[PDB]
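A quick write-up on the structure given underneath.
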Amino acid sequence: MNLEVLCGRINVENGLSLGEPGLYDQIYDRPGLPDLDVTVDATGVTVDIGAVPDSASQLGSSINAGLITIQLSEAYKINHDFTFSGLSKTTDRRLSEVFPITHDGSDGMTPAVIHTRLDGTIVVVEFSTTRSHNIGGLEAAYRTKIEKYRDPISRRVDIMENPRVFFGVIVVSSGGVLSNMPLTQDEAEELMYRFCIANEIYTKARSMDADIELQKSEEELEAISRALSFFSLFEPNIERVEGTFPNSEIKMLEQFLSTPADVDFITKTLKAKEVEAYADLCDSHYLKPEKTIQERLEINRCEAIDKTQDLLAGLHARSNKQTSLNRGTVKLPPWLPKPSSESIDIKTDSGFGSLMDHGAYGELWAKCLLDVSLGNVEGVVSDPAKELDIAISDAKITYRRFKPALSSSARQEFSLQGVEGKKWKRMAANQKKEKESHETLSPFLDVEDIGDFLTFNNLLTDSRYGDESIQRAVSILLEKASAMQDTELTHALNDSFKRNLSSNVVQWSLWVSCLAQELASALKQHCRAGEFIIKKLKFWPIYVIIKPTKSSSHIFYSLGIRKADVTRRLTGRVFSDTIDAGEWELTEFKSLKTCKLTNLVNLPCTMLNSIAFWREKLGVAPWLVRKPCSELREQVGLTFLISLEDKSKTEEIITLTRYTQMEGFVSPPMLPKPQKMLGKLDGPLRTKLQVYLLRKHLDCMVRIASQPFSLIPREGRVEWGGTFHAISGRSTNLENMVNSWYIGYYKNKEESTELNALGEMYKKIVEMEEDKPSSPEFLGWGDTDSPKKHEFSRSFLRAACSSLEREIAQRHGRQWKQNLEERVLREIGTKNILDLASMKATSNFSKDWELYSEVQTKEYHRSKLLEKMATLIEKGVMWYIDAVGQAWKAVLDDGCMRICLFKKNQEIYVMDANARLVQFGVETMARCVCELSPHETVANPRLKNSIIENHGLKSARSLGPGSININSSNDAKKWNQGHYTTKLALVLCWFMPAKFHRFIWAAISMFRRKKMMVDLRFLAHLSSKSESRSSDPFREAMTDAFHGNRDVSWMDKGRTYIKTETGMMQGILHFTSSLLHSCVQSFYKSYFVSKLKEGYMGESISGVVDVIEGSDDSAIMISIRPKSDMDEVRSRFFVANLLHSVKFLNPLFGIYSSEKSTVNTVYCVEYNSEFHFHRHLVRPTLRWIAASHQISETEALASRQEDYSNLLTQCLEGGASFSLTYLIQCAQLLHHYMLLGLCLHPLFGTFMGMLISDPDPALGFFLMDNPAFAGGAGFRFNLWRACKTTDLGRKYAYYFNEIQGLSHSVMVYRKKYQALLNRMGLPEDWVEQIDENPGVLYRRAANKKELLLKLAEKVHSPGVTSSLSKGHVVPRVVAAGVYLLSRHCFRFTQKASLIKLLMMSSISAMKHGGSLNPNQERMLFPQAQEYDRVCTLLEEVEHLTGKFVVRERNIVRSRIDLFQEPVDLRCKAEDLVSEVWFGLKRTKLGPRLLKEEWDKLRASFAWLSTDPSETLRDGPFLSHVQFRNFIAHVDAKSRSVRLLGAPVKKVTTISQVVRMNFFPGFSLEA
RNA sequence: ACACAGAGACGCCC
């Protein structure tokens, strides 16, 4: 290893070439540990390096044994000295040696070695080593080195003639190396190894010595002192803990620590379970007798038929046996009226006398029509004439509440369908309806109209409604938006979107969404008994009769339309029947909740997205027209049906076809066994769609077992043939089959849970409690060959803990416990209580809410952590380490730990504040250990993508050319409530120093006696019913436990809580479970490596084993090199048995394998949800397309588009193209203008027409982007182009030209904010006290007042506005859209309407001519240089040309450095303001280097001053609160993208990506 | 109509 070869091979060009940071990981196995001795004396350090072990050459052969010492002055750079011993040439060239003179002050720095080539080409490099565990240290050190040695070395370039200079820095850390030169991944290992040895030397020297230490900081002394004092003085009173908490004795811990693990038991148990696994494999896959794979596959098929025919004999017996049913799937009429204008045409050729004859709906409609026609029409349709007055000049919406007479028969018929049916329950006709409604359907029900609907439907035909009001409005808005990028590429995609918008399904979804939008605003209204509300849709003549109930209950509607009006109808028999009343079509009363008003409002946008997505995935070009194929129609119809049904179990049947179809990827000798998921598809059937889905799922279940997917290796890449859609029966390619598993994600996640269905989550919580062992001897005391439930083996746990120590000491050195202790002490001691108090909710279930017959008249509320830390502030604590003792005392005195349960969705374990304070330290301790694990991903985010990809490099170097890789995905059964806390305590205490033992033992032991509180409204309807008639065991047992008939081990008589001892929780204990499973997986890896050393007949099968682990899911990779056909067969059999043994070896650790694990797959593995088919990484883009419209509640109108762009970029990162992203953005435009009031407000034409003359995102304008780089650029780039292209920049000049001597429209949307403010007692001085002394805001928290003021500032922030909200965003936001434009809603005091703001901006702010001068440009947009050089490359393609190339089969995940960082900005401006204001050092610039930027900022922003008081008086920011957010929110930030596609090695990469990723199989070219 | 292997809602308040 020498630097001269590296300097001779480097590619250096004339000018300023800086390259790009290339990151290299640790992929190779380091040989051994250089045992060494360190002695401290005054004469040096006397390092005695021993003979390093060396079994494999390279990566550790450069170490020379001998006696070397360093005097006690260069002891702070032992890492730097030893790491770069072979590279640090003693040349010592000062910068004045190669450059004549500059005299810039910093003229005496020597950038390490600056050795040049023969042709005078100067190459400069600096060496640096940091002790960091993540890339957050690597990139930081890189940036520090660049900012320190860039401008000095670049100042000498302009004076020279033809300079050729290259600047790069190498940063070495234990775990990864970051550099600029092309390292060979062989000397990088050398550098990392020598860094590890140097870290060992420095740690050993620093241990016994104390004077040799770099002065770290003054701040990192108090934290260590506080933490050490606490852990030396905290006595948790263990002698009371054992008597209070069950199964908690320190003797168990000391015996576990001080006893070696027995080897005889481990060998015998392993050998027994191995032959048990072999016997199971022989029995369950028909290996014996010896049969070829035709007849055993036929046996598998017939056996799967035998299982699948028995499920449809127990589903057919607990249900009614009706084989014919006329129930409709879609509860909406299939009408497609033409979009006319607002005109009430209720007059008929034959008068309202024929309506009286047809049923009761006809009579109701007739009475309504007589009331409307011969009455005052003031609420049916809004009147724009008397609407401007409240809008253009300086809660009250009107509705037509008519009261018909109706007969008792008609009222009863209405009451059958739920309309005012609470009073009518007792009569006979309602009881029969209620009794029949509970029955489940039969699997043999005849459904064939659903199957016919998916084959022949006119959902995609073009309706000639492209010249109507709504379509023309959308076209005008789109043309206005796409005016700064007017090319052919934009026009073609706009034409495609316009053509997609005129489909039958989209036109139907438009008025369906309008109806849902209008219903969403009708919940907030109440009416007396017998009242109804009549109204009309905006662009369609459809009349709705609405019956609001409570605003949290059902709302009822009926639809009516003239028969001659219905021009076209949809084809299919999946729609509900309609009443034919003369020349009128009427609809029965239907119900709809507030949580089901989300998929209906978003229906047209989802339909458009589905059309575009499946059109590209079938290969159809977006700029062409084709007759729709039979594949597109089936997928669109399936999406339509799933969106319109919106039921929980419908999602599960489609969700559980992935695990059905990952079988068939299983290679011989193992057989595909899909008949393992039959235990999950055992539930009630309540809709005709679920029966069809179940039958199709069983058909594909048999089809998979009949034959697996073929493997066709053509050349260099393997391909699978035989793939098919699960519920379609049709054959497609691999990616369509992969992402058709996520069609069930169109169902809304956020459904409220009724009190009827609340008992299932308690069943899931309490199901493992009846299996508690009677005598605890196997719970952490001894060993067992065959442990029972909840039991584990101590010897195997110790073996796993020891196995995950030889993977830690081999990377971070033999001295890691000391560094771990220092990091943990620093992390715990540096946390203040102000870092706590988030928006998370606590619980108030302490002692009084315990007996049920006391709190009957009391309603129970939760709380928030804010008040619970505010009371500690008022009592007075400043550090987290002080409050934890009082928390422990409170927990110990009341000997329990309190949990409340609150799901209300489709869980959550909220916890008391004291328990949160106690468990925060334990989570902090576990997190610092999880980041030291080689294969643990939930604490190391970079490891998911960097350990499966690096398996190929190891398998190629170590084995050779051509290796059979064999993977095995594995996921576990009920991970929660299946782990005993003693396991976690012992595993965590194995890795701690002796001081973190009593604390962790006491903190963990509190989890073992729980008390979960159940809902009071559940108990209200449980005390009344003495005996239950339910056919469920849990329902029959719970009421007896509550009343007293039974004596059940988890509830008492009359109490309102649930006791549980055996179990962990989801959430709270997160990193400890990951650590335990990492120990288990390290044991498996060691055991597999041990078995591969042996073999079938004493012959060693060469291969490598890789393991990836998270928190709940894991995978195992094995690759071998047989080079013999008989050895091929026998080696694959051995590896298959070895991978099958994991299921039997798991229960020894208290871990249960699930039925959703795929074992023994050759070239396929999925880890989280990421499929790795050889070189064809697939992510499901449909998962992120289905969640594109999941916006949150924000106040500013410019904050909606930021969330829209945030949702838009994630689908692009998921595999979407650029045309797809542009179309999704068009759909988002439609969604934004719909929630802005497109078809809800009558005064929208004026607002739109006046928005044409004034584009402004903060005023409600949606900005599009370039339809070639469609997702990479964020909202800032769009804002920059808008302000530099149109009147936005010219109009914005008044904000620095009119006030010389960013959103200003804040919405008001809110009843539980003032209560929160007064609850935690903020004084009414929180703003003026900051105004006089801004010291409390920037510096630090010193005492009570600073903490209180900083907390008051934190509460009054925009983050709490988004955080404190309900879960239903879209209906709540669109409900306020009915009055947004007209009524006074916005704020600047002086609340006004949107029309008023738009008018006042028109005549005052617009009358200007000019542009923003290019000196304030680098304040709003301090990132504009690379804006310009990216926009320049984007300004190269303006037409639609190119050729349809053939795809390349190398799809990999890339990373494009779109916006690295501008280095000329020399960090940020807020720290500079604090520097010049507060007398605090905050910028990394020395004497007078802090200057030369104050003048620049003063030129950028006027009226600033060095004195804090002058800046207050000068500008509009008449406070010190708003100015902090103003200066902080607009600043330069790094932007990157992770696009998926063909690999790129080495500005041309962006053009390459644009030219390849515009459309798959298409190249734009030139 | 919604929910559920019949635990709820189909309004509160006077």
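Following the order of the structure tokens, first chain is A, next is B, and so on, with residues numbered from 1 inside each chain and ligands from 1 in the order they appear.
Residue-level contacts from chain B to chain A at 6 Å, counting only C-alpha atoms (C1' of nucleotides), read residues 1, 7, 8, 10 and 11 of chain B.
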| query | In terms of the shortest atom-to-atom distance over only C-alpha atoms, which of A:1165, A:10, A:23, A:1544 is closest to residue 166 in chain A? | reply | A:10
| task | Pick out the residues sitting within 8 Å of range 280-283 of chain A, and hand them over as a list in words; count only C-alpha atoms (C1' of nucleotides), and ignore anything fewer than 4 positions along from it in its own chain. | result | residues 276, 287, 288, 1137 and 1140 of chain A
Grab the residues selected above and save them as a CSV table (one decimal), in the first residue's frame with N, CA and C atoms.
chain,number,residue,atom,x,y,z
A,276,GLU,N,-35.6,-34.4,14.9
A,276,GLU,CA,-37.0,-34.1,14.8
A,276,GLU,C,-37.4,-33.3,13.6
A,287,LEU,N,-40.9,-37.2,1.2
A,287,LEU,CA,-39.6,-37.6,0.7
A,287,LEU,C,-39.4,-39.1,0.6
A,288,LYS,N,-40.0,-39.8,1.6
A,288,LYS,CA,-39.9,-41.3,1.6
A,288,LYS,C,-41.3,-41.9,1.5
A,1137,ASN,N,-32.6,-28.7,4.8
A,1137,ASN,CA,-32.8,-29.2,6.1
A,1137,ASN,C,-32.3,-28.3,7.2
A,1140,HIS,N,-34.8,-25.6,7.4
A,1140,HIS,CA,-36.1,-26.0,8.0
A,1140,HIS,C,-35.9,-26.2,9.5
| message | So that I can see what lies close to range 637-647 of chain A, please list as a list in words the residues with an atom at most 9 Å from it, counting only C-alpha atoms (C1' of nucleotides) and leaving out residues fewer than 3 positions away in the same chain. | response |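 Listed by chain and then number, they are residues 329, 330, 331, 453, 454, 455, 457, 459, 505, 596, 599, 600, 603, 606, 607, 610, 632, 633, 634, 650, 651, 689, 743, 744, 746, 747 and 748 of chain A.
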| Which polymer residues have any atom within 12 Å of an atom of residue 1517 in chain A, counting only C-alpha atoms (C1' of nucleotides), with same-chain residues fewer than 6 positions away left out, as number ranges by chain? | A: 1299, 1331, 1503-1504, 1509-1511, 1523-1527
With N, CA and C atoms retained, export the selected residues as a short mmCIF file (atom, residue, chain, number, x, y, z; two decimals), in the first residue's frame.
data_model
loop_
_atom_site.label_atom_id
_atom_site.label_comp_id
_atom_site.auth_asym_id
_atom_site.auth_seq_id
_atom_site.Cartn_x
_atom_site.Cartn_y
_atom_site.Cartn_z
N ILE A 1299 -42.71 48.42 2.44
CA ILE A 1299 -42.47 48.47 3.88
C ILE A 1299 -41.02 48.82 4.20
N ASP A 1331 -39.85 39.69 24.89
CA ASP A 1331 -39.54 40.91 24.15
C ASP A 1331 -38.47 41.74 24.86
N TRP A 1503 -33.10 46.95 7.47
CA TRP A 1503 -33.43 47.38 8.83
C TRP A 1503 -32.90 46.45 9.92
N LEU A 1504 -32.04 45.49 9.61
CA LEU A 1504 -31.38 44.72 10.65
C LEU A 1504 -30.34 45.57 11.36
N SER A 1509 -32.17 45.73 20.24
CA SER A 1509 -33.29 46.65 20.42
C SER A 1509 -33.62 47.40 19.14
N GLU A 1510 -32.59 47.77 18.36
CA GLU A 1510 -32.84 48.53 17.14
C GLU A 1510 -33.59 47.71 16.10
N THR A 1511 -33.24 46.42 15.98
CA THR A 1511 -33.93 45.55 15.03
C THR A 1511 -35.40 45.38 15.40
N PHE A 1523 -39.66 36.52 14.66
CA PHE A 1523 -38.42 36.67 13.89
C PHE A 1523 -37.59 35.40 13.89
N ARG A 1524 -37.61 34.64 14.98
CA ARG A 1524 -36.87 33.38 15.03
C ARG A 1524 -37.39 32.40 13.98
N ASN A 1525 -38.71 32.22 13.93
CA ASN A 1525 -39.30 31.34 12.93
C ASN A 1525 -39.07 31.88 11.52
N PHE A 1526 -39.14 33.20 11.35
CA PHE A 1526 -38.93 33.78 10.02
C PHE A 1526 -37.52 33.52 9.53
N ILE A 1527 -36.52 33.70 10.39
CA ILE A 1527 -35.14 33.53 9.95
C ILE A 1527 -34.80 32.04 9.82
#
| said: Env of range 371-382 of chain A: 6 Å cut, atoms = only C-alpha atoms (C1' of nucleotides), seq-sep filter 6 positions within chain, self excluded. Answer as a VMD selection string. | reply: chain A and resid 398 to 400 534 to 536
Residues of the last selection are to be written out with N, CA, C and O atoms, as a PDB file, in the first residue's frame.
ATOM      1  N   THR A 398     -78.420  28.310   5.269  1.00  0.00           N
ATOM      2  CA  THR A 398     -79.851  28.052   5.279  1.00  0.00           C
ATOM      3  C   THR A 398     -80.168  26.731   4.590  1.00  0.00           C
ATOM      4  O   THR A 398     -79.523  26.349   3.609  1.00  0.00           O
ATOM      5  N   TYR A 399     -81.175  26.038   5.117  1.00  0.00           N
ATOM      6  CA  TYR A 399     -81.604  24.753   4.593  1.00  0.00           C
ATOM      7  C   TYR A 399     -83.124  24.714   4.552  1.00  0.00           C
ATOM      8  O   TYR A 399     -83.797  25.391   5.335  1.00  0.00           O
ATOM      9  N   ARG A 400     -83.662  23.919   3.632  1.00  0.00           N
ATOM     10  CA  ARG A 400     -85.109  23.795   3.469  1.00  0.00           C
ATOM     11  C   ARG A 400     -85.583  22.596   4.282  1.00  0.00           C
ATOM     12  O   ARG A 400     -85.465  21.449   3.845  1.00  0.00           O
ATOM     13  N   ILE A 534     -84.311  19.066   1.831  1.00  0.00           N
ATOM     14  CA  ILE A 534     -84.282  18.911   0.380  1.00  0.00           C
ATOM     15  C   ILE A 534     -83.282  19.899  -0.201  1.00  0.00           C
ATOM     16  O   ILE A 534     -83.156  21.031   0.285  1.00  0.00           O
ATOM     17  N   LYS A 535     -82.536  19.451  -1.209  1.00  0.00           N
ATOM     18  CA  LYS A 535     -81.535  20.271  -1.872  1.00  0.00           C
ATOM     19  C   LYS A 535     -81.196  19.662  -3.224  1.00  0.00           C
ATOM     20  O   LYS A 535     -81.652  18.570  -3.573  1.00  0.00           O
ATOM     21  N   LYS A 536     -80.372  20.380  -3.982  1.00  0.00           N
ATOM     22  CA  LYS A 536     -80.007  19.998  -5.338  1.00  0.00           C
ATOM     23  C   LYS A 536     -78.497  20.081  -5.503  1.00  0.00           C
ATOM     24  O   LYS A 536     -77.847  20.944  -4.906  1.00  0.00           O
TER      25      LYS A 536
END
| Counting only C-alpha atoms, the option among A:673, A:1010, A:30, A:164 closest to residue 18 in chain A |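 When distances to residue 18 in chain A are compared using only C-alpha atoms, the smallest one comes from A:164.
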| said: Give me, as a list in words, all polymer residues having an atom no more than 9 Å from residue 1497 in chain A, counting only C-alpha atoms (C1' of nucleotides) and skipping those fewer than 5 positions away in the same chain. | reply: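 These residues fall inside the cut-off: residues 1416, 1419, 1469, 1502 and 1504 of chain A.
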| task | Check the DSSP output for the backbone and give back, as a VMD selection string, the residues of range 784-981 of chain A in alpha helix (DSSP H). | result | chain A and resid 794 to 803 809 to 812 817 to 829 865 to 875 880 to 893 913 to 930 951 to 954 981
Hey, what does DSSP flag as strand (DSSP E or B) within range 357-583 of chain A? Can you give it to me as a JSON list (two decimals) with N, CA and C atoms, in the first residue's frame?
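Writing done, so here's out.json:
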[["chain", "number", "residue", "atom", "x", "y", "z"],
["A", 400, "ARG", "N", -83.66, 23.92, 3.63],
["A", 400, "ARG", "CA", -85.11, 23.80, 3.47],
["A", 400, "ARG", "C", -85.58, 22.60, 4.28],
["A", 401, "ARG", "N", -86.13, 22.86, 5.47],
["A", 401, "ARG", "CA", -86.60, 21.81, 6.37],
["A", 401, "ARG", "C", -88.12, 21.71, 6.24],
["A", 402, "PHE", "N", -88.57, 20.87, 5.31],
["A", 402, "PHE", "CA", -89.99, 20.64, 5.12],
["A", 402, "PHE", "C", -90.47, 19.51, 6.01],
["A", 462, "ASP", "N", -65.51, 6.52, -23.49],
["A", 462, "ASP", "CA", -65.41, 7.98, -23.49],
["A", 462, "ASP", "C", -66.81, 8.57, -23.61],
["A", 503, "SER", "N", -63.97, 9.80, -18.83],
["A", 503, "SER", "CA", -64.42, 8.41, -18.81],
["A", 503, "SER", "C", -65.76, 8.31, -18.09],
["A", 532, "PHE", "N", -87.17, 16.83, 7.31],
["A", 532, "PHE", "CA", -86.26, 16.38, 6.27],
["A", 532, "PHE", "C", -85.71, 17.60, 5.56],
["A", 533, "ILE", "N", -84.59, 17.41, 4.86],
["A", 533, "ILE", "CA", -83.91, 18.49, 4.15],
["A", 533, "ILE", "C", -83.85, 18.14, 2.67],
["A", 534, "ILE", "N", -84.31, 19.07, 1.83],
["A", 534, "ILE", "CA", -84.28, 18.91, 0.38],
["A", 534, "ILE", "C", -83.28, 19.90, -0.20],
["A", 535, "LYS", "N", -82.54, 19.45, -1.21],
["A", 535, "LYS", "CA", -81.53, 20.27, -1.87],
["A", 535, "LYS", "C", -81.20, 19.66, -3.22],
["A", 536, "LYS", "N", -80.37, 20.38, -3.98],
["A", 536, "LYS", "CA", -80.01, 20.00, -5.34],
["A", 536, "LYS", "C", -78.50, 20.08, -5.50],
["A", 543, "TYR", "N", -81.74, 15.45, -6.79],
["A", 543, "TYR", "CA", -82.33, 15.96, -5.56],
["A", 543, "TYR", "C", -82.15, 14.95, -4.44],
["A", 544, "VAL", "N", -81.74, 15.44, -3.26],
["A", 544, "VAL", "CA", -81.40, 14.60, -2.12],
["A", 544, "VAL", "C", -82.30, 14.97, -0.95],
["A", 545, "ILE", "N", -82.88, 13.96, -0.30],
["A", 545, "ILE", "CA", -83.65, 14.14, 0.93],
["A", 545, "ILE", "C", -82.79, 13.62, 2.08],
["A", 546, "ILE", "N", -82.36, 14.52, 2.96],
["A", 546, "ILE", "CA", -81.37, 14.21, 3.98],
["A", 546, "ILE", "C", -82.04, 14.19, 5.35],
["A", 547, "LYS", "N", -81.59, 13.26, 6.21],
["A", 547, "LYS", "CA", -82.08, 13.12, 7.58],
["A", 547, "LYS", "C", -80.89, 13.07, 8.53],
["A", 555, "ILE", "N", -76.21, 9.22, 8.84],
["A", 555, "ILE", "CA", -76.98, 10.20, 8.10],
["A", 555, "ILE", "C", -77.63, 9.49, 6.92],
["A", 556, "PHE", "N", -78.89, 9.83, 6.65],
["A", 556, "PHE", "CA", -79.70, 9.12, 5.68],
["A", 556, "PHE", "C", -80.00, 10.01, 4.49],
["A", 557, "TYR", "N", -80.02, 9.41, 3.30],
["A", 557, "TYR", "CA", -80.26, 10.16, 2.08],
["A", 557, "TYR", "C", -81.05, 9.31, 1.10],
["A", 558, "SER", "N", -81.80, 9.98, 0.23],
["A", 558, "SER", "CA", -82.50, 9.35, -0.87],
["A", 558, "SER", "C", -82.34, 10.21, -2.12],
["A", 559, "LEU", "N", -82.21, 9.56, -3.27],
["A", 559, "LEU", "CA", -81.89, 10.24, -4.51],
["A", 559, "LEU", "C", -83.07, 10.16, -5.48],
["A", 560, "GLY", "N", -83.31, 11.25, -6.19],
["A", 560, "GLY", "CA", -84.38, 11.30, -7.17],
["A", 560, "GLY", "C", -84.00, 12.07, -8.42],
["A", 561, "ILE", "N", -84.38, 11.55, -9.59],
["A", 561, "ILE", "CA", -84.05, 12.16, -10.86],
["A", 561, "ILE", "C", -85.15, 11.82, -11.86],
["A", 562, "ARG", "N", -85.39, 12.74, -12.80],
["A", 562, "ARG", "CA", -86.36, 12.47, -13.86],
["A", 562, "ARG", "C", -85.82, 11.41, -14.81],
["A", 568, "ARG", "N", -77.32, 8.26, -19.94],
["A", 568, "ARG", "CA", -76.57, 7.01, -19.99],
["A", 568, "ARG", "C", -76.53, 6.37, -18.62],
["A", 569, "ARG", "N", -76.39, 5.05, -18.61],
["A", 569, "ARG", "CA", -76.25, 4.28, -17.38],
["A", 569, "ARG", "C", -75.04, 3.37, -17.48],
["A", 575, "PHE", "N", -75.33, -3.00, -8.77],
["A", 575, "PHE", "CA", -75.95, -1.82, -8.20],
["A", 575, "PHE", "C", -77.29, -2.19, -7.57],
["A", 579, "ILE", "N", -86.57, 2.50, -7.36],
["A", 579, "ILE", "CA", -88.02, 2.60, -7.45],
["A", 579, "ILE", "C", -88.39, 3.36, -8.71],
["A", 580, "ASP", "N", -89.26, 2.77, -9.52],
["A", 580, "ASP", "CA", -89.73, 3.39, -10.76],
["A", 580, "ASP", "C", -91.11, 3.98, -10.49]]
